[PDB]
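Structure first, commentary second.
2 protein chains.
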Amino acid sequence: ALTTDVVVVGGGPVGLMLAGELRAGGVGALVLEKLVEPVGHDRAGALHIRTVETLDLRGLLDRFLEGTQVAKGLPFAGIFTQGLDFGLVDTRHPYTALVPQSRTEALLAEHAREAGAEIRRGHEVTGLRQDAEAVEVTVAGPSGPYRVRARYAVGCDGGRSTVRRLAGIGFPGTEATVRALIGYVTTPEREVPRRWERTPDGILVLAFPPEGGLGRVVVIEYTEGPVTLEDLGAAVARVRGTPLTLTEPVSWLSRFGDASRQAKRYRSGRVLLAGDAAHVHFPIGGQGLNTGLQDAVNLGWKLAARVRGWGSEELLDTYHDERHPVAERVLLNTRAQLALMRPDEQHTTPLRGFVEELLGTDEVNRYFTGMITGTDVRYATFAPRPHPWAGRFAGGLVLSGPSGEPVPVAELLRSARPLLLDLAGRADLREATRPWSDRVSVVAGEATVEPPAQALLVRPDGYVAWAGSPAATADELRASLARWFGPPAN
Amino acid sequence: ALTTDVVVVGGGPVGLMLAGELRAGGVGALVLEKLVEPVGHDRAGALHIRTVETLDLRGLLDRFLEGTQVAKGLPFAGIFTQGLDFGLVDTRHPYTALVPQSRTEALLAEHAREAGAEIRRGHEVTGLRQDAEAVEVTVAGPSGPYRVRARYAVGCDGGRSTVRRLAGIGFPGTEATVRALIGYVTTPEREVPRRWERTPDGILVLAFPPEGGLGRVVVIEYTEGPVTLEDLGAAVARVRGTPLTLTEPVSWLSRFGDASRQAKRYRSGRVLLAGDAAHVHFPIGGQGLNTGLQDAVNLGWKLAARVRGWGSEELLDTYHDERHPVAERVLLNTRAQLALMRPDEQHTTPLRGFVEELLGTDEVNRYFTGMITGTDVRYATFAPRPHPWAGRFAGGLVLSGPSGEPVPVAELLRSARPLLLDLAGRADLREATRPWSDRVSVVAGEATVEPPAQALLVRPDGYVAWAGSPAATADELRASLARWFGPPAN
Ligand SMILES: Cc1cc2nc3c(=O)[nH]c(=O)nc-3n(C[C@H](O)[C@H](O)[C@H](O)COP(=O)(O)OP(=O)(O)OC[C@H]3O[C@@H](n4cnc5c(N)ncnc54)[C@H](O)[C@@H]3O)c2cc1C
Ligand SMILES: Cc1cc2nc3c(=O)[nH]c(=O)nc-3n(C[C@H](O)[C@H](O)[C@H](O)COP(=O)(O)OP(=O)(O)OC[C@H]3O[C@@H](n4cnc5c(N)ncnc54)[C@H](O)[C@@H]3O)c2cc1C
Numbered sequence: 112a113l114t115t116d117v118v119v120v121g122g123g124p125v126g127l128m129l130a131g132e133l134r135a136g137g138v139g140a141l142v143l144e145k146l147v148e149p150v151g152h153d154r155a156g157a158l159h160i161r162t163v164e165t166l167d168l169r170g171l172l173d174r175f176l177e178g179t180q181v182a183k184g185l186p187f188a189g190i191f192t193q194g195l196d197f198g199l200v201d202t203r204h205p206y207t208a209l210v211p212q213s214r215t216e217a218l219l220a221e222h223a224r225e226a227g228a229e230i231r232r233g234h235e236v237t238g239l240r241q242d243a244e245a246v247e248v249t250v251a252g253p254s255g256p257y258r259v260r261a262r263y264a265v266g267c268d269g270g271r272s273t274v275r276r277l278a279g280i281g282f283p284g285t286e287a288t289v290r291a292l293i294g295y296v297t298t299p300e301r302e303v304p305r306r307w308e309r310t311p312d313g314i315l316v317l318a319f320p321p322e323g324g325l326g327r328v329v330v331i332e333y334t335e336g337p338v339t340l341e342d343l344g345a346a347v348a349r350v351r352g353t354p355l356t357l358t359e360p361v362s363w364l365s366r367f368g369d370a371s372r373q374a375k376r377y378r379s380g381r382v383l384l385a386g387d388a389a390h391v392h393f394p395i396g397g398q399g400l401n402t403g404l405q406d407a408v409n410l411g412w413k414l415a416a417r418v419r420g421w422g423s424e425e426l427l428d429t430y431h432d433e434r435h436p437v438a439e440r441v442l443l444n445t446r447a448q449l450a451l452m453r454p455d456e457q458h459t460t461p462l463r464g465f466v467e468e469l470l471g472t473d474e475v476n477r478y479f480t481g482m483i484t485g486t487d488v489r490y491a492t493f494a495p496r497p498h499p500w501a502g503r504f505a506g507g508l509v510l511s512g513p514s515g516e517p518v519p520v521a522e523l524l525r526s527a528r529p530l531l532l533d534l535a536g537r538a539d540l541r542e543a544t545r546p547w548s549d550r551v552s553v554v555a556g557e558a559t560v561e562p563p564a565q566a567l568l569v570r571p572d573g574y575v576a577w578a579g580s581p582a583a584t585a586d587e588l589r590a591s592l593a594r595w596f597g598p599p600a601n
Numbered sequence: 112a113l114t115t116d117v118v119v120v121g122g123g124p125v126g127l128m129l130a131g132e133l134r135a136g137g138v139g140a141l142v143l144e145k146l147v148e149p150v151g152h153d154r155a156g157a158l159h160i161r162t163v164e165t166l167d168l169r170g171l172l173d174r175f176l177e178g179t180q181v182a183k184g185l186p187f188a189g190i191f192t193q194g195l196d197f198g199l200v201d202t203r204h205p206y207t208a209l210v211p212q213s214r215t216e217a218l219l220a221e222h223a224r225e226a227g228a229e230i231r232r233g234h235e236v237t238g239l240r241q242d243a244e245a246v247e248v249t250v251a252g253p254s255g256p257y258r259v260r261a262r263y264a265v266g267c268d269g270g271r272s273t274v275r276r277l278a279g280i281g282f283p284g285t286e287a288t289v290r291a292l293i294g295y296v297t298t299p300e301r302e303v304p305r306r307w308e309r310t311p312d313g314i315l316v317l318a319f320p321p322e323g324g325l326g327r328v329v330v331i332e333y334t335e336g337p338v339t340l341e342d343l344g345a346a347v348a349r350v351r352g353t354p355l356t357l358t359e360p361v362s363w364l365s366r367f368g369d370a371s372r373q374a375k376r377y378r379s380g381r382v383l384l385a386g387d388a389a390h391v392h393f394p395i396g397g398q399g400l401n402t403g404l405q406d407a408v409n410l411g412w413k414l415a416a417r418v419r420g421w422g423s424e425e426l427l428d429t430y431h432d433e434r435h436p437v438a439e440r441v442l443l444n445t446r447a448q449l450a451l452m453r454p455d456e457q458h459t460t461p462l463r464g465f466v467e468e469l470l471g472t473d474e475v476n477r478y479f480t481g482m483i484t485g486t487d488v489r490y491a492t493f494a495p496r497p498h499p500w501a502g503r504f505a506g507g508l509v510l511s512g513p514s515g516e517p518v519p520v521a522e523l524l525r526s527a528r529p530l531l532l533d534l535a536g537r538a539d540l541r542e543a544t545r546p547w548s549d550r551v552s553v554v555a556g557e558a559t560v561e562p563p564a565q566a567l568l569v570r571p572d573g574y575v576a577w578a579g580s581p582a583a584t585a586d587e588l589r590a591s592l593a594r595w596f597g598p599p600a601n
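So, in structure tokens, the structure goes:
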């Protein structure tokens, strides 16, 4: 309790995002990151719709878009002729932001710092002890071992999570059967076609400048450790069927696989997990970091609330309840996509043909678009029956002010407080909310939503806690307010 | 020309169906079947919606339904929880008729005979010669070799088609990588669960009486010739993971695979191909014989018409044009389903999960239902733009007579003549059709169809040749009649 409120283990993008969220929630956040210096990641990155919407409601979207290429559509499982159609989903931001992870990390690190989080680099957590009041973290640092005492510890320490094992949380799942290499390497060859291809021997992307030079190589072969330029070239030759001249300078080289695992519990007492610490899977569709950043924004406000007292144990438990199912579906969909890309002219090629056809129908395209981009995420939480809007994402709504001015809910959410939106003129609900005004802001505005709602009680993460029609009463809102956001003041 | 009008090579179900069709068309049909006696086939069979509708419009449905079990829905690629929904497609016969092929063969053989086709058993075609006027078939028969002269020869002689090779028609496609066994064998074991199952080692169906005895075994293993009871038992043990006691009496045992081939041309001069002679593929979904019987009904009326003179060369060419694309899609969908059933917990199991979900949506379920049952078949033929009803199946329409009595188009089609249906009161179209009355029947009736049509010119196979709205003229109908059904009489 005495060193800090929350110790965030791991200063990757997820840990950094969480620290920002905890600071926005008015609690102390100490990030302990093992590495002195950041390391290399894929130089191509993707933040999809719901992540973009999430950044917007935290006021980070602008800095993430500056200088950024965006994609207005996406392939699906190596199908490029019927791309995922952002027009078929409801958003104010129909695009994917192609931000390299290194840049996402740098931006979040600066934000955590400006928000007052303490970030210690070269500090490795080596031990973890928990009792009814606090967590103690043991740390190997540049000036020797020391202990940190906190109310909570969150493992944001990646796929090889120290926190997860120390807390005795299971990581059930499958081991890899697919072997991929990725690299940024040089070719002397000119006019190497820039494309993805699928042969009987694997999947290959080559993306080099037409004049030669440093380029992107991804190679995937069906049924961990150092990678050499020779390894990469041999793999490329196997898949492609023709050698490609690859030379120094070599900028980055890595291995990855399709091991698919998920933490059985996202919470064990005063220890929680987020990001790859909580789920790993093959990188297909660019979903891992998106899921993690959203884990962080789900958790941050709830954990700060718990520390401050008005967030209940029940509330904190909804982190696992809400977010475990999401990553579960991500694991499954990445595995499914690997089946859809399997090199095999006999059966899989014909299947891909029908899937491609189906992608040209609005209903199926909408399904896979919602899946990849996160627009289909909604929660079933604290059911009383619930209003249709309960659990839906409201972060992208825009209201009309009394003078006709646009009032984006994304902007209202930047202060990281829950909001009561009065869409219809419900002075009774506005008044009923007064005893919670130390926590919840009330904003009246004109808007029609579908399905209809006269009022929306919105969580700091942009999802709707409670909603009301003309039949809703102040008593019902009082009950929801108490359950979600604690007892009335005074 | 002098022995017979058409020589049908092969007296399997497709050859027998075709002979019936040729007789209905008023031409001679001689079926030459190599085998003296029929042989064994799968004891479980399936005739789907469009086949059922087709039998109806030839007046054979009743005899095919007598004593028959029907299925009101179907699994898809070993998915049983969201079956294909016959309610989502337009038909008067929402079911699959579970007729064993041996019974289909016997029924069609009796019908061909009663219709006046000549059927010779134990007569093997060994040679084929073709000129500008006729085909000569050389035959090894019970009283020695002889020759048959005909206007046309149709190879309905199965996957190993003699006619196809003799005519120099290619059979491009893939060789098998999947090995299946099927058998009717005895077990002494009691209460062997009746079910389909998919394990990491294959696909297996066991269907035995609870008290033991003769039962159905199908086993499929992923990457031709005699099969023993030992072979079957060893395969069952590999897939199931536990041996099953199998003993005599053994009633039937067979091998099959997923070789997928299709005749590059369905017609070469005076030689045509139908049925498995024209296309083979893995038996999944029960589509092979359905496709063949429909091949036969597409061809029969057109070929008889050609023999009689009013059917043009252009008309006969539409057999290939219309039917080749159909079997092409069947080959592809069977290959695709094998991908969907592939034993593989790593990737395919998760994919199957999403496919199962999608099958619970009307749009995707309708798609696969139409695919398997043939309700999605429609033709793009003799485009003039064409009326929306052109090429659609009208065989299941029912009209109201002048006295209110129901007048099924299926019954009207039994005489095997094209029909002009006057749905609105178009005396001008009725009159315009008189010079073709030796070939085409005119029937007035009340009915609203969707999309709207005032008149439908229906082919003997139940598909629409031409349709008209109020703007259609008698001149347009004259032109269509001439193109489809020959010059006006007199
Ligand atoms: C090739 C590739 C391409 C990808 N592309 C995309 C994409 O386009 N879009 C997308 O959303 N996702 C993508 N991903 C997935 C994404 O990179 C991960 O989901 C993301 O790195 C997870 O972030 P994290 O903060 O949870 O974990 P990490 O990035 O692994 O950070 C964990 C941090 O914890 C620190 N740590 C570990 N142990 C300790 C300890 N004991 N004490 C202190 N600190 C510790 C580590 O040093 C590390 O810095 C891709 C992944 C790969 C491999
Ligand atoms: C296990 C299994 C289950 C199946 N289940 C279904 C199902 O449920 N539904 C479905 O629609 N389909 C099913 N099928 C496919 C179906 O059996 C075939 O499509 C069907 O047999 C094709 O009929 P056919 O008349 O074209 O050829 P065949 O049945 O092979 O008949 C060809 C005939 O030609 C004769 N012949 C060959 N050469 C000569 C010659 N030179 N001279 C004279 N005669 C010759 C042969 O003796 C044979 O009798 C299944 C197939 C298998 C293997």
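Residue numbers (the working numbering), protein chains in the order written: chain B, 112 to 601; chain W, 112 to 601. Ideal Cβ placement from N, Cα and C applies to all residues, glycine included.
Residue i in three-state terms, based on DSSP
i	result
W:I230	strand
B:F282	coil
W:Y377	coil
B:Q241	strand
B:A157	coil
B:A223	helix
B:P519	strand
B:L209	coil
Residues sharing a beta bridge with residue i, DSSP
i	result
B:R290	B:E332 and B:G368
B:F187	B:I190
B:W577	B:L568
B:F504	B:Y574
Beta-carbon contacts of residue i that lie in its chain and below 6 Å, excluding the five residues immediately before and after
i	result
B:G131	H222, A223 and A226
B:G270	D387 and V391
W:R134	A140, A226, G227 and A228
Beta-carbon separation (whole angstroms), residue i vs residue j, contact threshold 8 Å
i	j	result
W:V265	W:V437	Rounded, the Cβ-Cβ distance is 17 Å, inconsistent with contact.
B:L534	B:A505	With 8 Å as the limit, B:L534 and B:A505 do not qualify as a contact, their Cβ atoms being about 10 Å apart.
B:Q373	B:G294	Not really, about 28 Å apart at Cβ, beyond 8 Å.
W:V274	W:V259	Actually they do not touch by this definition, with Cβ atoms about 13 Å apart.
W:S511	W:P517	7 Å
W:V303	W:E332	Not quite, the Cβ-Cβ distance comes to about 20 Å (not below 8 Å), so this is no contact.
W:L470	W:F197	The pair is not a contact, with the Cβ atoms about 14 Å apart (cut-off 8 Å).
Residue i beta carbon near ligand 1 (any heavy atom closer than 7 Å)
i	result
B:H222	no
B:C267	yes
B:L146	yes
B:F367	yes
Distance cut-off 7 Å: residue i Cβ against heavy atoms of ligand 2
i	result
W:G123	yes
W:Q212	yes
W:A157	yes
W:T273	yes
W:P394	yes
Other residues of its chain near residue i: CB distance less than 8 Å, five sequence neighbours each side excluded
i	result
B:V554	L510, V518, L523, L530, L531, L532 and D533
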